[PDB]
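One structure is given here, and the rest of the page talks about it.
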Amino acid sequence: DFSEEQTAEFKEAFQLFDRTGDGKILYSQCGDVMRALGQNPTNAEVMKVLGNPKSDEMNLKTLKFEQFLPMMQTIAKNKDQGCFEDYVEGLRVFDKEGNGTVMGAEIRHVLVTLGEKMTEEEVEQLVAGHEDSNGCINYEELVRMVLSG
Amino acid sequence: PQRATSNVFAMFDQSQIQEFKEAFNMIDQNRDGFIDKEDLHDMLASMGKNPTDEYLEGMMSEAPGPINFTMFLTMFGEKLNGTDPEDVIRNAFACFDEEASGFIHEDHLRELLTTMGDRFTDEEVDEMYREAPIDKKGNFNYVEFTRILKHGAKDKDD
Amino acid sequence: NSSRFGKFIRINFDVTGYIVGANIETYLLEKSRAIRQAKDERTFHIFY
Ligand SMILES: [Mg+2]
Ligand SMILES: [Mg+2]
Numbered sequence: 002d003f004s005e006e007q008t009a010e011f012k013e014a015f016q017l018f019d020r021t022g023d024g025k026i027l028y029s030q031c032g033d034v035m036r037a038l039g040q041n042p043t044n045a046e047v048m049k050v051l052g053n054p055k056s057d058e059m060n061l062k063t064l065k066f067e068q069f070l071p072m073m074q075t076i077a078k079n080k081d082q083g084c085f086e087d088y089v090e091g092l093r094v095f096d097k098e099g100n101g102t103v104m105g106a107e108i109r110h111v112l113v114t115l116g117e118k119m120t121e122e123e124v125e126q127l128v129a130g131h132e133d134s135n136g137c138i139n140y141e142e143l144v145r146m147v148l149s150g
Numbered sequence: 014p015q016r017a018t019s020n021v022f023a024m025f026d027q028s029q030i031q032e033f034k035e036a037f038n039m040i041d042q043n044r045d046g047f048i049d050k051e052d053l054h055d056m057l058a059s060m061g062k063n064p065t066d067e068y069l070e071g072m073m074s075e076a077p078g079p080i081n082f083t084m085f086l087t088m089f090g091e092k093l094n095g096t097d098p099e100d101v102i103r104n105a106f107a108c109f110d111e112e113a114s115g116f117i118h119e120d121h122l123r124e125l126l127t128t129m130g131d132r133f134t135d136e137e138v139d140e141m142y143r144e145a146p147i148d149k150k151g152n153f154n155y156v157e158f159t160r161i162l163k164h165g166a167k168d169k170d171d
Numbered sequence: 244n245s246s247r248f249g250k251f252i253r254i255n256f257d258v259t260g261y262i263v264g265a266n267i268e269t270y271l272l273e274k275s276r277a278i279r280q281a282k283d284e285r286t287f288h289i290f291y
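Residue numbers (the deposited numbering), protein chains in the order written: chain C, 2 to 150; chain D, 14 to 171; chain A, 244 to 291.
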């Protein structure tokens, strides 16, 4: 582990996610905070973390700050690290004329054809951040923007 | 910390001490630079109706004997801390809701106030409800609230 | 109940993919219904 600076960051996030009692942590809350604190891989880690696919009780999904720390390490061992070459090739295959004339409709289609989907307000929210025109980007600007957090 | 205010209220603008010296001059009918039973019992009676309760002895007992100009200034100085003029509160109220119409819904108000930040009880928060005038249909205006929080406006008059 | 008039409804979308308006038109409202009626029918619903 690093010095106590990362423990201090986890503590201030702990007091930051103190709704409905500071002590108890929801797995949704811990997942959100760990993702935002510089760990992209969050999709299929629920089984790798809980050890139990039980996702029925939203009110009481038990987690404590003590065992939370090794969880962060066993996640941060970086089980997967992709780079933009695969992403851009997939999008250029998804692309139609090589420049991105009007990409707005088909990106929504491809994101609604995936089974593991959660949100639509984010789908309408992605227009922010240089994604303003009718799919004007050839995906390089948006890849650069997303790969900056 | 110590919170003794060793300096004479140095952590504030000095305009308020000209208003305070004007108030001191107008209360001091003896004009000796010191308050008195003779002073207040008639200057307070100028707008008041000769109150029977002996709370001016409350002042002269809060600070024993007749109080100096600087004593009055510092006993107000200990009363001001952790507060700022209306500009910053107005800007914050403009920030939290984009519309800036001051339509702070009662549910929204309680959610934004009692829940997050420094934890405190909604029961003591209710003093902002039973006393401060809240607008109808749940929303809560702030400009009048900011004015009454500052010296700009008062709920009633004597 | 008889749909005794032709109609054509045009719905307007946008390049973005959202509805923006509509336009309709009717063809040849049947007449001679107020004048003498066949057996066991009625002119129109408004009169009722
Ligand atoms: Mg005097
Ligand atoms: Mg018909």
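The beta-carbon is built from N, C-alpha and C at its ideal position, and this holds for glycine as well.
Residues of chain A with CB under 8 Å from residue i, in chain order?
i                 : result
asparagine 135(C) : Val258 and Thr259
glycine 105(C)    : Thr259 and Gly260
Between residue i and ligand 1, is the CB less than 7 Å from at least one heavy atom?
i                 : result
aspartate 55(D)   : no
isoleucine 48(D)  : yes
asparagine 81(D)  : no
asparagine 104(D) : no
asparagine 43(D)  : yes
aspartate 52(D)   : yes
Which residues in the same chain have their Cβ closer than 8 Å to the Cβ of residue i, if we skip the five residues on either side of it in sequence?
i            : result
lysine 97(C) : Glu107
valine 21(D) : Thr83, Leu86, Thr87 and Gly90
Keeping to the same chain, check which residues put their C-beta closer than 7 Å to that of residue i; ignore five residues upstream and five downstream.
i                : result
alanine 277(A)   : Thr286
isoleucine 76(C) : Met35, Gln40 and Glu46
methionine 72(C) : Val50
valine 156(D)    : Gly115
What I want to know is whether the C-beta of residue i ends up closer than 7 Å to one or more non-hydrogen atoms of ligand 2.
i             : result
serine 246(A) : yes
Only counting the same chain, and skipping five residues up and downstream in sequence, which positions put a Cβ closer than 6 Å to that of residue i?
i                 : result
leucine 69(D)     : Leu53
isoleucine 147(D) : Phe153
Runs of 3 residues minimum, wholly inside the segment 46-93 of chain D: which ones carry the beta strand (DSSP E) assignment? You should have found no qualifying run.
If you scan the segment 96-138 of chain D from start to end, which runs of the beta strand (DSSP E) of 3 or more residues do you find wholly inside it? Within the segment 96-138 of chain D, no run of beta strand (DSSP E) at least 3 residues long lies entirely inside it.
Alpha helix (DSSP H) segments (min. 4 residues) lying fully within the segment 44-97 of chain C: Qualifying alpha helix (DSSP H) stretches, in chain order: 46-51, 66-77 and 85-95.
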